[PDB]
Amino acid sequence: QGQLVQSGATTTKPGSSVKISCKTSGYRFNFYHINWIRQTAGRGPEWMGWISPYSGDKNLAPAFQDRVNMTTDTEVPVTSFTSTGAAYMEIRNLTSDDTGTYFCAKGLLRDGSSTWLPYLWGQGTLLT
Amino acid sequence: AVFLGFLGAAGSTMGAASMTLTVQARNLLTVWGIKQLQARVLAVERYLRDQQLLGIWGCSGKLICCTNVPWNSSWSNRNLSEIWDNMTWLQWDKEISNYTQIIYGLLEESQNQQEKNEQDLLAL
Amino acid sequence: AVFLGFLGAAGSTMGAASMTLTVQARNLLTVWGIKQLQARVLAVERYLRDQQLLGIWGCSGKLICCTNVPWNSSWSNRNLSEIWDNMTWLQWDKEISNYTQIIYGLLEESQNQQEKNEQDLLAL
Amino acid sequence: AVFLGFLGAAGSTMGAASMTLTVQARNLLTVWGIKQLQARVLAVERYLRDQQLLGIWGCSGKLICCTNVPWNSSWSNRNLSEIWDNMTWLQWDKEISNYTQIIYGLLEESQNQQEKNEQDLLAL
Amino acid sequence: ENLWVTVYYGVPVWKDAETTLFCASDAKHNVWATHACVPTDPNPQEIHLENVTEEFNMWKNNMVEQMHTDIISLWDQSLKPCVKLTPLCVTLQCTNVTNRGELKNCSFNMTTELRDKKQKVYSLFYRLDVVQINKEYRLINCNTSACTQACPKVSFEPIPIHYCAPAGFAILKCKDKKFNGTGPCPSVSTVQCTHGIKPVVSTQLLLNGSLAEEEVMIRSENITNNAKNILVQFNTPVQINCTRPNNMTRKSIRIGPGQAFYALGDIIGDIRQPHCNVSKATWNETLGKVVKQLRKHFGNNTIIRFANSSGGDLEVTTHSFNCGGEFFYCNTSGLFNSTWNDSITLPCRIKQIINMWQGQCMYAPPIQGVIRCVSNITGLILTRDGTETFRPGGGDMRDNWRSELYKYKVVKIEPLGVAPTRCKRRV
Amino acid sequence: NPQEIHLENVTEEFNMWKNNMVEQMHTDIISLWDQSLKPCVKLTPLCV
Ligand SMILES: *[C@@H]1O[C@H](CO)[C@@H](O[C@@H]2O[C@H](CO)[C@@H](O[C@@H]3O[C@H](CO[C@H]4O[C@H](CO)[C@@H](O)[C@H](O[C@H]5O[C@H](CO)[C@@H](O)[C@H](O)[C@@H]5O)[C@@H]4O)[C@@H](O)[C@H](O[C@H]4O[C@H](CO)[C@@H](O)[C@H](O)[C@@H]4O)[C@@H]3O)[C@H](O)[C@H]2NC(C)=O)[C@H](O)[C@H]1NC(C)=O
Ligand SMILES: *[C@@H]1O[C@H](CO)[C@@H](O[C@@H]2O[C@H](CO)[C@@H](O[C@@H]3O[C@H](CO[C@H]4O[C@H](CO)[C@@H](O)[C@H](O)[C@@H]4O)[C@@H](O)[C@H](O[C@H]4O[C@H](CO)[C@@H](O)[C@H](O)[C@@H]4O)[C@@H]3O)[C@H](O)[C@H]2NC(C)=O)[C@H](O)[C@H]1NC(C)=O
Ligand SMILES: *[C@@H]1O[C@H](CO)[C@@H](O[C@@H]2O[C@H](CO)[C@@H](O[C@@H]3O[C@H](CO)[C@@H](O)[C@H](O[C@H]4O[C@H](CO)[C@@H](O)[C@H](O)[C@@H]4O)[C@@H]3O)[C@H](O)[C@H]2NC(C)=O)[C@H](O)[C@H]1NC(C)=O
Ligand SMILES: *[C@@H]1O[C@H](CO)[C@@H](O[C@@H]2O[C@H](CO)[C@@H](O[C@@H]3O[C@H](CO[C@H]4O[C@H](CO)[C@@H](O)[C@H](O)[C@@H]4O)[C@@H](O)[C@H](O)[C@@H]3O)[C@H](O)[C@H]2NC(C)=O)[C@H](O)[C@H]1NC(C)=O
Ligand SMILES: *[C@@H]1O[C@H](CO)[C@@H](O[C@@H]2O[C@H](CO)[C@@H](O)[C@H](O)[C@H]2NC(C)=O)[C@H](O)[C@H]1NC(C)=O
Ligand SMILES: *[C@@H]1O[C@H](CO)[C@@H](O[C@@H]2O[C@H](CO)[C@@H](O)[C@H](O)[C@H]2NC(C)=O)[C@H](O)[C@H]1NC(C)=O
Ligand SMILES: *[C@@H]1O[C@H](CO)[C@@H](O[C@@H]2O[C@H](CO)[C@@H](O)[C@H](O)[C@H]2NC(C)=O)[C@H](O)[C@H]1NC(C)=O
Ligand SMILES: *[C@@H]1O[C@H](CO)[C@@H](O[C@@H]2O[C@H](CO)[C@@H](O)[C@H](O)[C@H]2NC(C)=O)[C@H](O)[C@H]1NC(C)=O
Ligand SMILES: *[C@@H]1O[C@H](CO)[C@@H](O[C@@H]2O[C@H](CO)[C@@H](O)[C@H](O)[C@H]2NC(C)=O)[C@H](O)[C@H]1NC(C)=O
Ligand SMILES: *[C@@H]1O[C@H](CO)[C@@H](O)[C@H](O)[C@H]1NC(C)=O
Ligand SMILES: *[C@@H]1O[C@H](CO)[C@@H](O)[C@H](O)[C@H]1NC(C)=O
Ligand SMILES: *[C@@H]1O[C@H](CO)[C@@H](O)[C@H](O)[C@H]1NC(C)=O
Ligand SMILES: *[C@@H]1O[C@H](CO)[C@@H](O)[C@H](O)[C@H]1NC(C)=O
Ligand SMILES: *[C@@H]1O[C@H](CO)[C@@H](O)[C@H](O)[C@H]1NC(C)=O
Ligand SMILES: *[C@@H]1O[C@H](CO)[C@@H](O)[C@H](O)[C@H]1NC(C)=O
Ligand SMILES: *[C@@H]1O[C@H](CO)[C@@H](O)[C@H](O)[C@H]1NC(C)=O
Ligand SMILES: *[C@@H]1O[C@H](CO)[C@@H](O)[C@H](O)[C@H]1NC(C)=O
Ligand SMILES: *[C@@H]1O[C@H](CO)[C@@H](O)[C@H](O)[C@H]1NC(C)=O
Ligand SMILES: *[C@@H]1O[C@H](CO)[C@@H](O)[C@H](O)[C@H]1NC(C)=O
């Protein structure tokens with residue numbers, strides 16, 4: 001029930017790496033996963049992976065396991081149920097195929113069988 | 001299970017905290033002795049109020065107790081999964097604080113209009 | 001129904017007053033603090049006596065509770081209609097004041113000779 | 001029966017004393033008033049502890065109450081006849097003094113894992 | 001859908017509340033009457049409340065508002081049996097002590113055990129306990145209130161006191177090692193009782209208290225408001241050594257049937273000056289730690305000046321405390337004299353007629369022998385003026401208990417909860 | 001009506017010297033003594 005603002009639209013060139021931010025608010029940042037999704041010009045949507053701001057646990061697709069650098073900070077608690085967190089996204093071997101819009105996605109629930117499901121999305125960032 | 005202790009699941013989901021109820025049920029019950037005897041009496045008073053409420057509801061003896069009062073959407077129009085697997089009991093107490101007296105009366109007569117129905121059942 | 005309140009049906013027929021029981025069930029529970037702390041303790045004492053009696057009768061949790069002790073005509077040879085649709089509970093308490101201790105013992109062993117019968121039932 | 005009174009069967013067999021339970025259940029509940037008001041409060045405190053334990057066991061309202069926790073032979077490898085027709089309750093309390101806390105926890109979750117099983121039963 | 005309400009008993013939900021806490025102690029008798037507190041439990045259960053975040057506020061906290069009265073109520077309670085020094089309010093004939101004219105040598109006619117016999121007896125009184133008439137002196141309290149001599153068997157020793165919540169309530173600790181007084185503590189744990197709080201009556205310098213982990217914190221409420229005392233809490237202790245070097249004698253004066261006023265006999269040996277010591281090195285590095293966190297609120301460029309008190313009462317102008325039964329009043333001007341082997345010495349005076357907080361006063365009986373006590377100064381109570389200067393203060397005594405009860409907060413359990421599910425009972 | 005219930009077959013271990021009823025009564029008496037003299041006149045002027 002809160003925002004997930006991201007960084008700007010930074011465009012570099014192949015071989016390099018790009019860092020993307022994801023600043024949260026309005027919810028306990030530790031209580032839900034942070035998924036990373038992208039929609040490129042060449043395919044459709046592709047799930048990259050999620051990370052648990054609480055367990056520090058990472059789970060990512062084998063197509064992006066050896067490329068993605070995925071980290072999170074620690075929430076600055078605002079109230080009893082509000083905080084301010086941040087998740088970060090980097091990639092390794094960059095090409096023009098990876099050009100697309102990227103967003104972060106907070107998980108759906110805190111328990112059950114749809115705990116990590118990308119529910120609350122960011123705004124989008126335009127890559128190279 | 002993990003013996004989280006007293007108020008162990010205070011920040012957990014309501015479904016997780018509902019499994020650990022007897023832990024919070026156990027730990028619920030000279031001039032300075034006058035201040036100590038005061039707290040001793042208030043302890044049984046605040047405890048018997050919860051039991052008197054549970055008694056006139058038919059829940060006397062239950063940690064988890066089901067009823068006939070159906071859930072009004074005015075109280076909370078949230079889905080079942082977004083409650084027991086999302087909010088904590090501390091969060092749920094703020095969302096239902098207003099309507100918490102409305103339900104306590106619905107439970108009171110849903111019990112009197114149950115033992116009255118059972119009195120006519122055993123009258124033959 | 002009409003929310004008559006606390007002791008609202010004190011002058012009504014016993015059948016009318018029996019429908020409004022949870023109302024009287026709710027409202028049942030420095031040197032001057034010593035006199036106030038005294039009344040606070042006596043309040044829980046006089047309340048737990050009714051519950052201890054209800055507990056050893058099998059009525060623990062009931063506002064209306066049925067039993068197996070049959071009505072002796074020696075207590076009151078009045079008909080059912082001339083009781084619930086005529087006398088008030090204040091009148092009925094004077095007519096049964098004497099035999100009120102006789103019944104309290106009949107309820108006590110009709111419960112022990114019931115949980116004893118249930119113990120042999122679940123022994124196979 | 002013979003009205004042995006309060007603690008009448010204290011030296012009798014456990015099977016004989018188990019028939020006379022409501023007798024011990026009845027009789028269980030200025031500067032010197034401070035010492036008298038002290039004993040009055042402790043009386044309800046020590047009584048509500050037994051009831052709180054009985055409440056979170058499902059025995060709320062029972063003098064004799066059966067459970068699902070099976071008897072571990074580690075507690076007492078004595079036969080049934082050499083217990084109820086031989087030892088007194090004062091003897092049995094010394095033989096089970098150690099393991100008396102182990103059983104109190106087994107009863108607590110055998111009740112929570114019973115009302116949890118009943119909550120899923122009434123969910124359809 | 002098919003959703004009915006179902007009653008839940010024993011749910012983890014609490015509310016901010018105020019209730020009468022009770023005290024607990026461990027192992028003659030002290031003023032704090034810690035023998036009367038229930039035996040502390042050797043197993044102090046601390047349950048960690050995972051995922052929980054609670055809002056604390058050590059300045060709205062009521063535990064310090066209750067303890068501050070428990071102490072005052074223990075003070076007045078511990079003087080009810082003790083001898084009342086009302087016949088000492090007589091005209092005193094005082095001379096100096098041969099030797100700089102501090103403590104006096106006074107002789108006076110005094111009631112005996114027989115109501116018709118008088119006695120010409122003498123005793124010593126520090127000048128801070130007497131005043132002149134126009135040499136003739138009088139005790140300082142005689143125009144304000146009578147004084148009660150402390151029983152020479154009760155001890156002024158602070159004992160670790162544990163505050164506990166009654167049944168149905170709870171105490172929440174804040175395990176945040178960089179937690180300024182207010183805000184949302186992210187790591188919270190519930191305790192049945194607080195830790196051992198020593199009710200050390202102090203001033204300006206918080207003694208023998210609890211240190212801070214990691215770094216030296218500072219608190220206060222509205223830090224931009226200068227009329228709000230700044231509670232600073234050290235991370236490392238600075239050693240302080242105090243002593244009254246004069247070897248004093250105690251003299252019982254039978255002033256009535258069973259009434260014996262313990263007077264000050266004479267000075268055996270050298271007359272010397274009571275004082276305190278602090279390592280100028282350790283006080284330099286500690287004052288350096290305090291000015292560090294002072295810039296985080298006032299600026300990396302502004303100068304931070306330290307000065308002595310602004311004036312007023314004796315108990316606020318000087319580091320006043322208790323050392324072996326006698327109340328010191330140490331001039332701290334040599335400690336707060338900075339703009340940002342060793343031994344800094346503070347000249348201390350000694351009083352016997354103290355009022356404390358308010359009213360009614362107490363005559364502390366003279367302690368026999370040579371007095372010296374070793375303490376850790378672990379906190380501080382500063383006061384900005386309003387190019388920023390800081391001075392020592394201590395207007396209220398409850399800031400002392402507040403420097404120890406900031407970690408805690410009282411909450412009451414409301415174990416009844418109603419929530420929907422697909423459960424209905426039968427017919 | 002002072003009820004005395006006979007505990008048949010029962011054997012109990014007494015010890016009148018570890019008994020606490022006498023240790024409580026002995027203080028109830030001393031506390032009654034000091035309590036009964038609070039209002040009464042104090043003979044301090046007789047010490048002449
Ligand atoms: C405090 O608050 C936090 C945040 O809200 C709570 O953390 C969340 O807990 C829930 C349930 O407890 C989690 O949902 C579960 O997710 C697991 C997925 O884990 C599996 O895969 C992971 C990556 O592959 C892996 O980490 C796991 O492996 C173990 O090792 C890691 C090492 O870091 C360890 O940390 C893990 O705990 C694992 O033990 C594991 O392989 C999923 O499997 C769960 O589904 C099962 O269980 C549910 C019922 O819970 C059931 O319905 C399913 O069918 C299935 O059987 C479940 O969905 C969630 O991921 C956590 N993190 C969040 C939400 O960010 C924490 O529990 C709270 N604690 C307290 C005390 O309040
Ligand atoms: C505070 O003030 C009080 C007074 O109010 C002081 O108390 C007095 O102290 C002086 C000493 O400074 C005492 O005087 C001494 O008395 C001794 C007792 O002897 C007396 O009794 C014998 C009988 O056995 C007589 O024969 C004798 O004359 C005395 O009357 C004497 O032994 C002392 O004598 C010394 O002085 C003389 C003359 O100088 C010498 O020749 C001697 O050799 C000897 O050295 C002396 O006279 C006095 O008694 C005290 N009074 C009371 C009531 O106790 C406190 O000392 C003072 N305290 C402080 C800290 O200042
Ligand atoms: C402060 O002043 C007081 C006096 O006002 C002073 O107390 C004195 O201490 C000494 C001990 O150093 C005492 O002397 C002893 O007295 C007893 C009888 O009372 C004797 O049995 C002793 O005999 C032997 O004991 C010594 C060991 O203590 C041996 O080393 C020695 O060989 C002795 O033969 C001894 O004489 C004296 O009695 C007291 N005086 C009073 C009035 O109590 C105290 O020491 C001073 N303190 C300081 C820090 O200056
Ligand atoms: C801050 O805390 C300090 C530590 O608790 C306090 O120091 C204590 O001060 C008191 C009184 O000033 C001392 O009590 C005195 O004890 C000595 C005799 O003690 C010696 O002998 C015993 C043998 O039983 C031995 O155990 C000791 O260690 C000593 O060797 C006498 O002069 C008196 O009887 C008096 O009771 C404490 O001993 C002392 N403790 C320590 C560890 O030094 C200090 O007072 C506190 N300050 C404030 C302001 O609260
Ligand atoms: C203690 O820290 C909290 C935050 O960790 C501070 O709270 C902020 O206070 C300012 C006012 O000075 C408010 O404008 C902010 O909204 C507060 N933030 C939060 C998250 O509540 C608090 O001021 C600090 N205490 C002191 C004495 O400085
Ligand atoms: C104790 O000593 C002080 C200082 O030696 C004396 O103080 C003097 O008091 C007189 C009053 O008669 C003043 O005129 C002097 O100016 C004071 N001197 C100083 C240096 O302050 C005091 O009088 C002495 N007390 C007794 C009783 O002798
Ligand atoms: C009791 O007497 C003291 C004398 O010390 C009074 O205090 C002084 O009062 C004068 C004014 O009359 C001031 O100039 C002094 O500064 C005061 N000194 C101290 C140490 O307080 C006190 O006011 C008197 N109290 C009453 C109630 O009469
Ligand atoms: C004064 O200094 C230190 C404060 O850290 C205390 O001495 C240490 O106490 C801790 C806690 O028990 C021990 O782990 C250390 O081993 C102690 N160090 C030494 C050198 O003894 C001391 O108790 C403090 N005194 C107080 C607070 O009164
Ligand atoms: C305060 O006093 C204590 C004790 O007298 C001092 O600690 C002593 O320090 C010396 C020198 O380092 C050691 O040889 C002693 O063993 C210490 N004594 C004890 C009991 O530990 C301390 O240095 C003094 N501090 C100040 C500031 O005066
Ligand atoms: C819900 O509650 C409102 C009053 O707040 C009541 O008017 C309405 O009839 C209720 N609806 C149901 C379905 O119970
Ligand atoms: C409860 O009533 C207050 C009345 O001001 C209202 O502001 C609040 O929103 C209500 N709570 C809910 C959950 O609607
Ligand atoms: C009625 O009570 C009397 C004693 O008052 C008893 O003797 C009689 O048997 C009882 N009759 C019935 C039918 O219970
Ligand atoms: C109860 O007993 C008294 C004894 O004097 C008697 O007068 C009275 O009539 C009795 N009550 C009834 C209802 O019979
Ligand atoms: C009996 O208790 C012991 C622990 O004292 C336990 O290990 C064992 O499994 C129990 N056996 C049975 C049959 O319950
Ligand atoms: C209970 O434990 C004690 C521990 O010393 C042991 O001596 C005793 O035999 C135990 N009781 C039983 C019945 O085994
Ligand atoms: C005691 O009273 C007498 C009465 O004459 C007087 O002379 C003497 O000076 C008084 N003593 C003191 C110390 O004031
Ligand atoms: C602090 O005090 C100043 C005035 O000294 C005032 O302007 C300011 O609003 C206060 N801040 C808070 C948070 O109360
Ligand atoms: C404070 O310092 C000034 C000058 O250093 C001095 O005049 C004054 O007496 C001092 N006051 C106190 C209470 O130390
Ligand atoms: C404190 O000491 C300073 C110098 O060390 C002195 O100027 C000041 O007057 C003293 N304060 C008091 C109250 O005596």
# chains A, B, ... in the order shown; residues from 1 in each chain; ligands from 1
>>> closest_atom_pairs(of="chain E", to="chain B", cutoff="7 Å", atoms="only C-alpha atoms", output="tab-separated table")
residue	atom	partner	partner_atom	distance
E:3	CA	B:71	CA	5.3
E:4	CA	B:70	CA	3.7
E:5	CA	B:71	CA	5.4
E:6	CA	B:66	CA	4.5
E:7	CA	B:65	CA	5.2
E:8	CA	B:64	CA	5.1
E:9	CA	B:63	CA	4.9
E:10	CA	B:24	CA	5.1
E:11	CA	B:21	CA	6.4
E:12	CA	B:10	CA	5.0
E:13	CA	B:90	CA	4.9
E:20	CA	B:39	CA	6.5
E:22	CA	B:36	CA	6.2
E:47	CA	B:5	CA	6.1
E:48	CA	B:8	CA	6.6
E:49	CA	B:8	CA	5.3
E:50	CA	B:11	CA	6.1
E:51	CA	B:11	CA	4.7
E:52	CA	B:11	CA	4.6
E:166	CA	B:39	CA	6.0
E:167	CA	B:29	CA	5.3
E:168	CA	B:28	CA	4.8
E:420	CA	B:71	CA	6.0
E:421	CA	B:80	CA	6.9
E:423	CA	B:66	CA	5.8
E:424	CA	B:67	CA	5.3
E:425	CA	B:67	CA	5.5
>>> select_by_dssp(residues="chain B", states="helix (DSSP H, G or I)", output="ChimeraX atom specification")
/B:14-17,22-26,32-55,81-84,89-95,100-121
>>> closest_residue(among="A:90, A:75, A:111, A:57", to="chain E", atoms="only C-alpha atoms")
A:75
>>> residues_near_ligand(ligand="ligand 5", cutoff="9 Å", atoms="only C-alpha atoms and all ligand atoms", output="list in words")
residues 76, 77, 78, 79 and 83 of chain A; 55, 179, 180, 181, 182, 183, 184, 185, 218, 219, 220, 221, 222, 223, 224, 230 and 297 of chain E
>>> interface_residues(of="chain A", to="chain B", cutoff="9 Å", atoms="only C-alpha atoms", output="PDB file with C-alpha atoms, in the first residue's frame")
ATOM      1  CA  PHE A  31       7.981  -8.187   5.462  1.00  0.00           C
ATOM      2  CA  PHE A  81       4.289  -0.824  10.621  1.00  0.00           C
ATOM      3  CA  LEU A 108       2.194 -10.314  -2.287  1.00  0.00           C
ATOM      4  CA  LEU A 109       1.907 -11.957   1.149  1.00  0.00           C
ATOM      5  CA  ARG A 110       3.960 -12.942   4.194  1.00  0.00           C
ATOM      6  CA  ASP A 111       2.986 -16.642   4.209  1.00  0.00           C
ATOM      7  CA  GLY A 112       1.270 -19.299   2.126  1.00  0.00           C
ATOM      8  CA  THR A 115       4.217 -15.262  -0.670  1.00  0.00           C
TER       9      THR A 115
END
>>> closest_atom_pairs(of="chain E", to="ligand 18", cutoff="9 Å", atoms="only C-alpha atoms and all ligand atoms", output="tab-separated table")
residue	atom	partner	partner_atom_place_in_ligand_line	distance
E:307	CA	ligand 18	2 (O)	7.3
E:308	CA	ligand 18	1 (C)	5.0
E:309	CA	ligand 18	13 (C)	5.2
E:310	CA	ligand 18	13 (C)	6.6
E:311	CA	ligand 18	13 (C)	5.4
E:312	CA	ligand 18	13 (C)	7.9
E:314	CA	ligand 18	13 (C)	8.1
E:316	CA	ligand 18	13 (C)	8.8
E:317	CA	ligand 18	13 (C)	5.0
E:318	CA	ligand 18	13 (C)	6.6
E:331	CA	ligand 18	14 (O)	5.8
E:332	CA	ligand 18	14 (O)	6.7
E:333	CA	ligand 18	14 (O)	5.2
E:334	CA	ligand 18	14 (O)	8.8
E:337	CA	ligand 18	5 (O)	8.4
>>> atom_distance(atom1="atom 9 (O, counted along the ligand's line) of ligand 19", atom2="atom CA of residue E:347")
10.5 Å
